[PDB]
Amino acid sequence: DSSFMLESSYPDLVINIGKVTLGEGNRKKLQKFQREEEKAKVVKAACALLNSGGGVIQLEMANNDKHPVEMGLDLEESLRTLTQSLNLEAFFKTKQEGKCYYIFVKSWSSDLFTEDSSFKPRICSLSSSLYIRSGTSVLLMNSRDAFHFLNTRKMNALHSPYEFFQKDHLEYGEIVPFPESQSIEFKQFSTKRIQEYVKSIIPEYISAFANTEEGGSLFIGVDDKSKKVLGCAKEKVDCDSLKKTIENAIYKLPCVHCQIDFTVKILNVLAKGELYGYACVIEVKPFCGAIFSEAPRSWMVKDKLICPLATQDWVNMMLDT
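Numbered according to PDB author numbering, the sequence shown spans residues 7 to 163, 182 to 281, 287 to 350.
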């Protein structure tokens, strides 16, 4: 039950990725889901080959073009950044035979002696899934920054709680007395599909807080403009399920050193004594290590299967250069 077929092993490694649409004209006409899912198959396969000693991806051209066409700009852009090269021929060559299309991928030659300088990550990745918090912005760390982070984070080894969150309740419309900053983040509640919204924001914001030196707090239920405490109406959510969902998405966050020192508190939003709804605050201590929003977004062939890299594996491989 996978979109990849592994046809042969080393040293004639071949990954059949099924059908893909080629050509810039044909790919703009595609729907978003067709264009993105096809690009995923190409990137995931190319990354697997790069980290596994070379190979060729096998592709059945889905376009019915009378003549050969260019690969496509979006596919071109992905293979370029994945290999950190402005040129595609540094690692890729293409051939057209029958109704199949082959992309030969040179092995990612990290353990080499070159004059390249710059920065060569030991392993190829689509995303490090490592987010850090800077000011009021949360940023995805690239290979250069994540390596130095992971290395300098623990070649060598400030959290102050906000007393505003110790109250038994909040009043509807009350103005939050402190501003968004390095240690606090405000987000409104979605009008519909509460827990789906919460589960989408928790991994990135919480992971970025833990990876800083001082940690921070996430406060959900605050209007973005007026900074007034609104929360979600009690009719739209159950506060029991909300507290559990937030704790669960946090516990699922991949960790590399131990858990994250965090706490989730549910606050009742009152209106003249009557329960209107709930706000939520998540306080996270600084973690002596790295906390990921997801697994690291990279793959490699292990024995006879394309399997994603475990977090411990990706980190160990990354900083063994």
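By construction, the Cβ of each residue, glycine as well, lies at the ideal position given by its N, Cα and C atoms.
First and last residue of the uninterrupted alpha helix (DSSP H) at residue i
i	result
residue 84	79-88
residue 158	149-159
residue 221	218-234
residue 263	263-275
residue 287	Per DSSP, residue 287 belongs to no alpha helix (DSSP H) and is neither H nor E.
residue 55	38-56
residue 34	30-35
Span of the beta strand (DSSP E), counted from its first residue to its last, around residue i
i	result
residue 139	137-140
residue 10	From DSSP, residue 10 is part of no beta strand (DSSP E); its letter is neither H nor E.
residue 65	61-67
residue 209	208-211
residue 22	20-26
residue 144	143-146
residue 240	240-244
residue 132	Here residue 132 belongs to no beta strand (DSSP E), and DSSP marks it neither H nor E.
Proximity of residue i and residue j at Cβ, strictly below 9 Å
i	j	result
residue 327	residue 106	no
residue 317	residue 287	yes
residue 185	residue 322	no
residue 49	residue 146	no
residue 75	residue 28	yes
residue 137	residue 232	yes
residue 96	residue 87	no
residue 58	residue 113	yes
residue 244	residue 188	no
residue 289	residue 230	yes
residue 296	residue 258	no
residue 139	residue 235	yes
residue 84	residue 25	no
residue 109	residue 79	no
residue 55	residue 157	no
residue 219	residue 120	no
residue 313	residue 254	no
residue 61	residue 21	yes
residue 135	residue 148	no
residue 82	residue 94	yes
residue 216	residue 260	yes
residue 129	residue 346	yes
residue 294	residue 311	yes
residue 38	residue 23	no
residue 155	residue 339	no
residue 8	residue 335	yes
DSSP bridge partner residues for residue i (one or two, in chain order)
i	result
residue 96	Beta-bridge pairing links residue 96 to no other residue.
residue 194	298
residue 103	106
residue 337	328
residue 292	312
residue 205	208
residue 257	306
residue 111	61 and 98
residue 252	199
residue 14	20
Rounded distance between the beta-carbons of residue j and residue i, thought under 8 Å
i	j	result
residue 212	residue 264	Not quite, the Cβ-Cβ distance comes to about 22 Å (not below 8 Å), so this is no contact.
residue 196	residue 298	6 Å
residue 127	residue 98	Incorrect: roughly 18 Å between the Cβ atoms, too far for contact.
residue 12	residue 333	6 Å
residue 337	residue 324	6 Å
residue 237	residue 277	About 19 Å separates the two Cβ atoms, so there is no contact after all.
residue 207	residue 141	Residue 207 to residue 141, Cβ: 11 Å. No contact.
residue 116	residue 350	7 Å
residue 256	residue 306	5 Å
C-beta neighbour in chain C for residue i, strict 9 Å
i	result
residue 301	Included in the structure is just one protein chain, with no chain C present.
Ignoring anything shorter than 4 residues or poking outside the segment 296-335, list the alpha helix (DSSP H) runs there in chain order.
Counting only runs of 4 or more, we get nothing.
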